[PDB]
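Coordinates from input_10.cif are shown below (mmCIF, N, CA and C atoms).
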```cif
data_model
#
loop_
_atom_site.label_atom_id
_atom_site.label_comp_id
_atom_site.auth_asym_id
_atom_site.auth_seq_id
_atom_site.Cartn_x
_atom_site.Cartn_y
_atom_site.Cartn_z
N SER N 1 0.82 -1.26 0.00
CA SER N 1 0.00 0.00 0.00
C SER N 1 0.84 1.29 0.00
N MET N 2 0.19 2.38 -0.41
CA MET N 2 0.83 3.70 -0.55
C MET N 2 0.88 4.44 0.80
N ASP N 3 1.52 3.82 1.78
CA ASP N 3 1.55 4.38 3.12
C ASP N 3 2.22 5.75 3.20
N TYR N 4 3.15 6.02 2.28
CA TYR N 4 3.88 7.28 2.28
C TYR N 4 3.01 8.51 2.00
N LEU N 5 1.76 8.30 1.58
CA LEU N 5 0.83 9.41 1.35
C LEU N 5 0.26 10.00 2.63
N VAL N 6 0.37 9.28 3.74
CA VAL N 6 -0.20 9.73 5.00
C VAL N 6 0.78 9.57 6.14
N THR N 7 0.74 10.49 7.08
CA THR N 7 1.37 10.24 8.35
C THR N 7 0.36 10.63 9.41
N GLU N 8 0.67 10.36 10.67
CA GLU N 8 -0.15 10.84 11.76
C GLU N 8 0.67 11.60 12.74
N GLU N 9 0.01 12.45 13.52
CA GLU N 9 0.69 13.27 14.51
C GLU N 9 -0.31 13.56 15.62
N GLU N 10 0.16 13.53 16.86
CA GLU N 10 -0.58 14.03 17.99
C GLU N 10 -0.23 15.52 18.10
N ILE N 11 -1.24 16.39 18.08
CA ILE N 11 -1.06 17.83 18.22
C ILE N 11 -1.83 18.30 19.47
N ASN N 12 -1.17 19.08 20.32
CA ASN N 12 -1.80 19.56 21.54
C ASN N 12 -1.82 21.07 21.51
N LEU N 13 -3.02 21.65 21.56
CA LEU N 13 -3.17 23.09 21.45
C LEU N 13 -3.65 23.71 22.75
N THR N 14 -3.17 24.94 23.00
CA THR N 14 -3.60 25.74 24.13
C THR N 14 -4.52 26.81 23.56
N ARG N 15 -5.73 26.89 24.10
CA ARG N 15 -6.72 27.87 23.66
C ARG N 15 -6.61 29.18 24.45
N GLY N 16 -6.26 30.25 23.77
CA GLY N 16 -6.27 31.58 24.36
C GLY N 16 -7.42 32.43 23.84
N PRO N 17 -7.39 33.75 24.15
CA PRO N 17 -8.42 34.68 23.70
C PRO N 17 -8.66 34.69 22.19
N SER N 18 -7.61 34.46 21.39
CA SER N 18 -7.73 34.44 19.94
C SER N 18 -8.42 33.18 19.41
N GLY N 19 -8.64 32.19 20.28
CA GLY N 19 -9.31 30.94 19.90
C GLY N 19 -8.37 29.95 19.21
N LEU N 20 -8.89 28.77 18.90
CA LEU N 20 -8.08 27.74 18.20
C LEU N 20 -7.83 28.14 16.75
N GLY N 21 -8.78 28.84 16.16
CA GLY N 21 -8.54 29.46 14.86
C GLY N 21 -8.38 28.51 13.68
N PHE N 22 -9.26 27.52 13.55
CA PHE N 22 -9.31 26.77 12.31
C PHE N 22 -10.76 26.36 12.07
N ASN N 23 -11.03 25.99 10.82
CA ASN N 23 -12.36 25.60 10.37
C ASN N 23 -12.33 24.14 9.93
N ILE N 24 -13.43 23.45 10.17
CA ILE N 24 -13.56 22.06 9.79
C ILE N 24 -14.75 21.85 8.86
N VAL N 25 -14.61 20.83 8.03
CA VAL N 25 -15.64 20.36 7.13
C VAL N 25 -15.83 18.87 7.34
N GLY N 26 -17.00 18.38 6.93
CA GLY N 26 -17.25 16.93 6.87
C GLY N 26 -18.30 16.40 7.81
N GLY N 27 -18.50 15.10 7.72
CA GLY N 27 -19.47 14.40 8.54
C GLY N 27 -20.35 13.48 7.72
N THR N 28 -21.02 12.56 8.40
CA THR N 28 -21.92 11.62 7.75
C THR N 28 -23.07 12.30 6.99
N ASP N 29 -23.43 13.51 7.42
CA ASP N 29 -24.54 14.27 6.87
C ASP N 29 -24.07 15.40 5.96
N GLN N 30 -22.75 15.58 5.84
CA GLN N 30 -22.14 16.64 5.05
C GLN N 30 -20.83 16.14 4.43
N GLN N 31 -20.91 15.10 3.62
CA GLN N 31 -19.69 14.45 3.15
C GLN N 31 -18.89 15.43 2.29
N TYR N 32 -17.61 15.62 2.61
CA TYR N 32 -16.79 16.60 1.88
C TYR N 32 -16.62 16.23 0.39
N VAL N 33 -16.53 14.94 0.10
CA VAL N 33 -16.66 14.40 -1.27
C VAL N 33 -17.50 13.14 -1.15
N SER N 34 -18.06 12.71 -2.27
CA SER N 34 -18.99 11.61 -2.26
C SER N 34 -18.32 10.41 -1.60
N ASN N 35 -19.04 9.81 -0.66
CA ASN N 35 -18.67 8.58 0.02
C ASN N 35 -17.55 8.70 1.05
N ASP N 36 -17.23 9.93 1.48
CA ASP N 36 -16.20 10.17 2.50
C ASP N 36 -16.81 11.03 3.60
N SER N 37 -17.04 10.44 4.77
CA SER N 37 -17.65 11.14 5.91
C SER N 37 -16.63 11.74 6.87
N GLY N 38 -15.35 11.79 6.49
CA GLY N 38 -14.27 12.25 7.36
C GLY N 38 -14.36 13.73 7.73
N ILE N 39 -13.76 14.10 8.85
CA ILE N 39 -13.67 15.49 9.28
C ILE N 39 -12.30 16.03 8.90
N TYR N 40 -12.27 17.13 8.13
CA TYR N 40 -11.02 17.68 7.59
C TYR N 40 -10.86 19.15 7.97
N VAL N 41 -9.61 19.57 8.10
CA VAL N 41 -9.32 20.99 8.31
C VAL N 41 -9.37 21.71 6.97
N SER N 42 -10.24 22.72 6.85
CA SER N 42 -10.38 23.44 5.58
C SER N 42 -9.52 24.70 5.55
N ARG N 43 -9.43 25.39 6.68
CA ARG N 43 -8.70 26.65 6.79
C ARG N 43 -8.08 26.82 8.17
N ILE N 44 -6.88 27.38 8.18
CA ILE N 44 -6.21 27.76 9.41
C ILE N 44 -6.04 29.28 9.42
N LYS N 45 -6.54 29.92 10.47
CA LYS N 45 -6.58 31.37 10.52
C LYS N 45 -5.26 31.91 11.03
N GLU N 46 -4.77 32.99 10.43
CA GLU N 46 -3.64 33.68 11.04
C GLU N 46 -4.01 34.10 12.47
N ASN N 47 -3.05 34.00 13.38
CA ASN N 47 -3.18 34.48 14.78
C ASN N 47 -3.98 33.63 15.76
N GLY N 48 -4.50 32.49 15.33
CA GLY N 48 -5.10 31.54 16.24
C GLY N 48 -4.05 30.58 16.75
N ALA N 49 -4.47 29.78 17.72
CA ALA N 49 -3.54 28.87 18.36
C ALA N 49 -2.94 27.88 17.38
N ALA N 50 -3.76 27.35 16.48
CA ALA N 50 -3.28 26.33 15.54
C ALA N 50 -2.17 26.87 14.61
N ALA N 51 -2.34 28.10 14.13
CA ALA N 51 -1.34 28.71 13.27
C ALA N 51 -0.05 28.96 14.05
N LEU N 52 -0.15 29.47 15.29
CA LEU N 52 1.08 29.73 16.09
C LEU N 52 1.88 28.44 16.35
N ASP N 53 1.17 27.36 16.65
CA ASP N 53 1.79 26.06 16.91
C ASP N 53 2.44 25.46 15.66
N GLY N 54 1.80 25.65 14.51
CA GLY N 54 2.40 25.35 13.23
C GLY N 54 2.21 23.92 12.72
N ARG N 55 1.79 22.99 13.57
CA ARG N 55 1.69 21.59 13.14
C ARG N 55 0.46 21.26 12.31
N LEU N 56 -0.67 21.87 12.64
CA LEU N 56 -1.89 21.59 11.93
C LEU N 56 -1.74 22.09 10.50
N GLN N 57 -2.23 21.31 9.54
CA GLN N 57 -2.16 21.64 8.11
C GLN N 57 -3.56 21.63 7.53
N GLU N 58 -3.80 22.51 6.57
CA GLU N 58 -5.03 22.48 5.81
C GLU N 58 -5.04 21.15 5.05
N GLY N 59 -6.18 20.47 5.09
CA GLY N 59 -6.31 19.16 4.50
C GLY N 59 -6.12 18.03 5.50
N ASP N 60 -5.68 18.34 6.71
CA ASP N 60 -5.52 17.27 7.71
C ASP N 60 -6.88 16.62 7.98
N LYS N 61 -6.86 15.31 8.18
CA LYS N 61 -8.04 14.60 8.67
C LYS N 61 -7.95 14.54 10.19
N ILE N 62 -9.03 14.92 10.90
CA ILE N 62 -9.00 14.87 12.35
C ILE N 62 -9.60 13.55 12.80
N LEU N 63 -8.79 12.73 13.46
CA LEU N 63 -9.20 11.38 13.83
C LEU N 63 -9.82 11.33 15.22
N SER N 64 -9.30 12.14 16.13
CA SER N 64 -9.81 12.17 17.50
C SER N 64 -9.56 13.54 18.12
N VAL N 65 -10.42 13.91 19.06
CA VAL N 65 -10.26 15.15 19.84
C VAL N 65 -10.45 14.78 21.31
N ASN N 66 -9.43 15.06 22.12
CA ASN N 66 -9.43 14.69 23.52
C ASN N 66 -9.82 13.24 23.73
N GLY N 67 -9.32 12.36 22.85
CA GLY N 67 -9.54 10.94 23.01
C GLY N 67 -10.89 10.47 22.52
N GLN N 68 -11.69 11.38 21.95
CA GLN N 68 -13.00 11.01 21.41
C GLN N 68 -12.88 10.90 19.89
N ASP N 69 -13.21 9.74 19.35
CA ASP N 69 -13.06 9.50 17.92
C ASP N 69 -14.09 10.25 17.06
N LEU N 70 -13.63 10.71 15.89
CA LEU N 70 -14.45 11.47 14.93
C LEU N 70 -14.74 10.63 13.71
N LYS N 71 -14.96 9.32 13.92
CA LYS N 71 -15.39 8.41 12.87
C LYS N 71 -16.91 8.33 12.88
N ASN N 72 -17.48 8.59 11.70
CA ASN N 72 -18.91 8.55 11.44
C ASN N 72 -19.80 9.30 12.44
N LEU N 73 -19.38 10.53 12.70
CA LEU N 73 -20.20 11.47 13.43
C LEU N 73 -20.87 12.39 12.43
N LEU N 74 -22.03 12.90 12.83
CA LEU N 74 -22.62 14.08 12.22
C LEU N 74 -21.66 15.26 12.34
N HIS N 75 -21.74 16.17 11.37
CA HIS N 75 -20.93 17.38 11.37
C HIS N 75 -21.00 18.13 12.70
N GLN N 76 -22.22 18.35 13.21
CA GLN N 76 -22.36 19.14 14.44
C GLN N 76 -21.80 18.42 15.63
N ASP N 77 -21.91 17.09 15.66
CA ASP N 77 -21.37 16.32 16.78
C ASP N 77 -19.85 16.45 16.81
N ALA N 78 -19.23 16.40 15.64
CA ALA N 78 -17.80 16.70 15.52
C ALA N 78 -17.47 18.10 16.04
N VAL N 79 -18.16 19.13 15.54
CA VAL N 79 -17.94 20.50 15.98
C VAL N 79 -18.06 20.62 17.50
N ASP N 80 -19.06 19.97 18.08
CA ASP N 80 -19.27 20.05 19.52
C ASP N 80 -18.06 19.53 20.29
N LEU N 81 -17.41 18.50 19.76
CA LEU N 81 -16.27 17.95 20.48
C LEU N 81 -15.18 19.00 20.66
N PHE N 82 -15.05 19.89 19.69
CA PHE N 82 -14.12 20.99 19.80
C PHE N 82 -14.67 22.10 20.68
N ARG N 83 -15.89 22.52 20.40
CA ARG N 83 -16.42 23.74 21.00
C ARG N 83 -16.79 23.56 22.45
N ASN N 84 -17.00 22.31 22.88
CA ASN N 84 -17.21 22.00 24.30
C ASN N 84 -15.91 21.77 25.05
N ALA N 85 -14.77 21.78 24.37
CA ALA N 85 -13.47 21.55 25.00
C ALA N 85 -13.06 22.77 25.84
N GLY N 86 -12.02 22.60 26.65
CA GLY N 86 -11.52 23.64 27.51
C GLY N 86 -10.26 24.25 26.92
N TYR N 87 -9.33 24.58 27.81
CA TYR N 87 -8.13 25.32 27.45
C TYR N 87 -7.08 24.45 26.77
N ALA N 88 -7.10 23.14 27.05
CA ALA N 88 -6.11 22.22 26.49
C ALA N 88 -6.84 21.27 25.56
N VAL N 89 -6.40 21.18 24.30
CA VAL N 89 -7.09 20.32 23.34
C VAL N 89 -6.11 19.41 22.64
N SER N 90 -6.32 18.10 22.78
CA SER N 90 -5.45 17.14 22.13
C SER N 90 -6.11 16.65 20.87
N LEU N 91 -5.34 16.60 19.79
CA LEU N 91 -5.84 16.20 18.48
C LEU N 91 -4.96 15.09 17.96
N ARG N 92 -5.57 14.05 17.41
CA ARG N 92 -4.82 13.14 16.58
C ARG N 92 -5.21 13.40 15.15
N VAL N 93 -4.23 13.68 14.30
CA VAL N 93 -4.50 14.05 12.93
C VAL N 93 -3.74 13.15 11.97
N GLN N 94 -4.29 13.02 10.78
CA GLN N 94 -3.60 12.41 9.65
C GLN N 94 -3.22 13.50 8.67
N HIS N 95 -1.93 13.73 8.49
CA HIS N 95 -1.44 14.61 7.47
C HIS N 95 -1.47 13.84 6.16
N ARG N 96 -1.99 14.49 5.14
CA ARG N 96 -2.31 13.85 3.88
C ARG N 96 -1.65 14.59 2.72
N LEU N 97 -0.93 13.86 1.88
CA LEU N 97 -0.47 14.40 0.62
C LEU N 97 -1.62 14.55 -0.37
N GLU N 98 -2.63 13.71 -0.25
CA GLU N 98 -3.73 13.76 -1.18
C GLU N 98 -4.74 14.79 -0.81
N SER N 99 -5.38 15.31 -1.85
CA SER N 99 -6.67 15.96 -1.71
C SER N 99 -7.65 15.23 -2.60
N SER N 100 -8.87 15.13 -2.13
CA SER N 100 -9.92 14.42 -2.87
C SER N 100 -10.62 15.36 -3.83
N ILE N 101 -10.82 14.89 -5.05
CA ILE N 101 -11.51 15.63 -6.09
C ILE N 101 -12.81 14.93 -6.43
#
```
Kindly present the structure from the file in structure tokens form.
Amino acid sequence: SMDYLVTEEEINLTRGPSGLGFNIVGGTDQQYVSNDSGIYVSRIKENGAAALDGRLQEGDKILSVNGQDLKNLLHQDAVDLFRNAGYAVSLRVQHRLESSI
């Protein structure tokens, strides 16, 4: 298999006044491309925690947040896992060379 197309990374962010500062897409009810229910990072905002930390990449697939898996969740349920979090947020992500068309 083409394993070199993906890696994974644990990313830990500290939430300050500027917020985490990224946007997500996806979910079982909002598939980013046909037949893919994954949650992906669409945009990283300048001056948010994610941009300052530098590890998060646009196109990353988010696999878990604070140990809660983001496999086959509704879009809002995924969003809630982030927005209900506190000051410390742990993410497991898949960095992807591919983008889906």
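For the set N:37, N:66, N:23, N:94, the residue with the smallest atom-to-atom gap to residue 7 (chain N) is N:94, counting only C-alpha atoms.
Once region 19-21 of chain N and its same-chain neighbours fewer than 3 positions away are set aside, residues 16, 44, 45, 48, 49 and 50 of chain N remain within 5 Å of it when counting all atoms listed in the file.
Distances to residue 18 (chain N) were evaluated for N:36, N:46, N:77, N:3 using only C-alpha atoms, and the minimum falls at N:46.
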Picked residues, the PyMOL selection byres (((chain N and resi 24 and name CA) around 9) and name CA), expected as an MDAnalysis selection string: chainID N and resid 22:23 25:26 39:43 62 75 78:79
DSSP alpha helix (DSSP H) residues within chain N, listed as number ranges by chain: N: 49-53, 75-83
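If you apply the PyMOL selection byres ((chain N and resi 28) around 6) to this structure, you end up with residues 26, 27, 29, 30, 31, 37, 72, 73, 74 and 75 of chain N.
Remark: for residue 51 (chain N), the closest of the candidate residues N:95, N:83, N:15, N:71 is N:15 (distances computed over only C-alpha atoms).
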Expected selection from the PyMOL selection byres (((chain N and resi 14 and name CA) around 6) and name CA), given as JSON, numbers by chain: {"N": [13, 15, 87, 88]}
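Put simply, atom C of residue 68 (chain N) is 26.6 Å away from atom C of residue 101 (chain N).
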Secondary structure check, strand (DSSP E) residues of chain N, as a PyMOL selection string: chain N and resi 6-14+22-26+39-44+61-65+68-69+88-96
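The residue that comes closest to residue 89 (chain N), out of N:6, N:67, N:12, N:59 and on the basis of only N, CA and C atoms, is N:12.
Our summary of the geometry notes that CA of residue 82 (chain N) is positioned 21.1 Å from CA of residue 96 (chain N).
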Answer as an MDAnalysis selection string, residues within 8 Å of (-2.5, 18.3, 16.3) using only N, CA and C atoms: chainID N and resid 9:13 55:57 89:94
Region 73-88 of chain N, all listed atoms, 5 Å padding on each side: what axis-aligned box centre and edge lengths in Å to one decimal come out, as JSON?
```
{"center_x": -14.4, "center_y": 17.9, "center_z": 19.6, "size_x": 26.5, "size_y": 24.8, "size_z": 26.4}
```
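Between atom C of residue 99 (chain N) and CA of residue 58 (chain N) the separation is 11.4 Å.
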